Each structure stands twice: as structure tokens, then as C-alpha cells.
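Okay, structure first, notes after.
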Amino acid sequence: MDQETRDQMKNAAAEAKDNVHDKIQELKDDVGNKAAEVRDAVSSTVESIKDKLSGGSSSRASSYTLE
């Protein structure tokens with residue numbers, strides 16, 4: 001992706017780990033540990049078509065996370 005990694009990857013993930021992963025690590029860290037990775041799954045789908053499909057990747061594009 002492009003610029004969405006820095007802004008979205010770092011933030012979106014952050015809020016997903018603090019929300020679903022906070023409860024998980026504590027309780028679900030074994031199995032339920034997926035519920036978190038899930039929140040980021042859907043988000044990634046957007047953040048992908050948004051910045052990478054945006055039309056041109058030059059800023060932050062040096063970072064690959066979503067895909």
C-alpha cells in the first residue's frame with residue numbers, strides 16, 4: 001500500500017489490538033486471539049483499495065503490511 005500504512009496500519013491496528021486484543025491477551029490470548037486479527041482483516045480490505053488502488057503509490061509506499 002501507500003500512505004495508509006503509516007496512518008492506518010499503525011493506528012487502525014493499534015485500536016484493534018487495544019480493543020479486541022486487550023481483552024484477548026488477558027482472556028482469549030490462546031484461541032480467541034483471532035477476534036483481533038479479524039478486525040484488521042476487514043479494515044485491510046479497505047485500506048488496500050484506498051491507498052494502493054488510489055492511483056499512485058509514492059509516499060510511505062516503501063512499507064508493506066496490509067498485503
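Here, A, B, ... name the chains of the C-alpha cells in the order displayed, residue numbers run from 1 inside each chain, and ligands are numbered from 1 in the same displayed order.
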Can you list every residue of region 12-61 of chain A that has an atom at most 8 Å from region 3-8 of chain A, with its nearest atom pair and the distance in Å to one decimal, using only C-alpha atoms, ordered by chain then number, as a Markdown table?
| residue | atom | partner | partner_atom | distance |
| --- | --- | --- | --- | --- |
| A:12 | CA | A:8 | CA | 5.0 |
| A:13 | CA | A:8 | CA | 7.3 |
| A:47 | CA | A:4 | CA | 6.2 |
| A:48 | CA | A:4 | CA | 8.0 |
| A:50 | CA | A:4 | CA | 7.8 |
| A:51 | CA | A:4 | CA | 5.8 |
| A:57 | CA | A:3 | CA | 7.6 |
| A:59 | CA | A:3 | CA | 5.4 |
| A:60 | CA | A:3 | CA | 4.7 |
| A:61 | CA | A:3 | CA | 6.2 |
Exercise for review: Please give the complete set of residues from chain A that DSSP, run on the backbone, assigns to alpha helix (DSSP H), formatted as an MDAnalysis selection string.
Suggested key: chainID A and resid 4 10:16 22:23 34:51
Point to revise | Counting only C-alpha atoms, the residue of A:35, A:66, A:41, A:49 that sits nearest residue 9 (chain A) | key: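 Smallest distance to residue 9 (chain A) is found for A:66.
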Exercise for review: List the neighbours of residue 23 (chain A) out to 10 Å using only C-alpha atoms; skip same-chain residues closer than 6 positions along the sequence, and give me the result as number ranges by chain.
Suggested key: A: 17, 29, 32-33, 35-36
Write to file, as a compact mmCIF listing (two decimals), in the first residue's frame, the residues of the selection just made, with N, CA, C and O atoms.
# COMPACT_ATOMS: atom_id res chain seq x y z
N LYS A 17 -5.89 -3.81 18.47
CA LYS A 17 -5.14 -4.55 19.46
C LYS A 17 -5.54 -4.10 20.86
O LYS A 17 -5.56 -4.88 21.81
N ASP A 29 -6.08 -14.77 24.72
CA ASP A 29 -4.75 -14.88 24.10
C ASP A 29 -4.43 -16.21 23.41
O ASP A 29 -3.55 -16.24 22.55
N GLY A 32 -9.18 -17.27 21.23
CA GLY A 32 -9.87 -16.03 20.91
C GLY A 32 -8.96 -15.00 20.24
O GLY A 32 -9.43 -14.02 19.66
N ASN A 33 -7.65 -15.23 20.35
CA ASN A 33 -6.64 -14.34 19.77
C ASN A 33 -6.89 -14.02 18.30
O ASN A 33 -6.17 -13.21 17.72
N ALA A 35 -10.05 -13.05 17.06
CA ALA A 35 -11.00 -11.94 17.07
C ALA A 35 -10.32 -10.61 16.76
O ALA A 35 -10.90 -9.76 16.08
N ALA A 36 -9.09 -10.43 17.25
CA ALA A 36 -8.37 -9.19 16.98
C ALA A 36 -7.97 -9.15 15.51
O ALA A 36 -8.43 -8.29 14.76
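Nearest to residue 2 (chain A) of all the residues A:40, A:18, A:26, A:67 is A:67, counting only C-alpha atoms.
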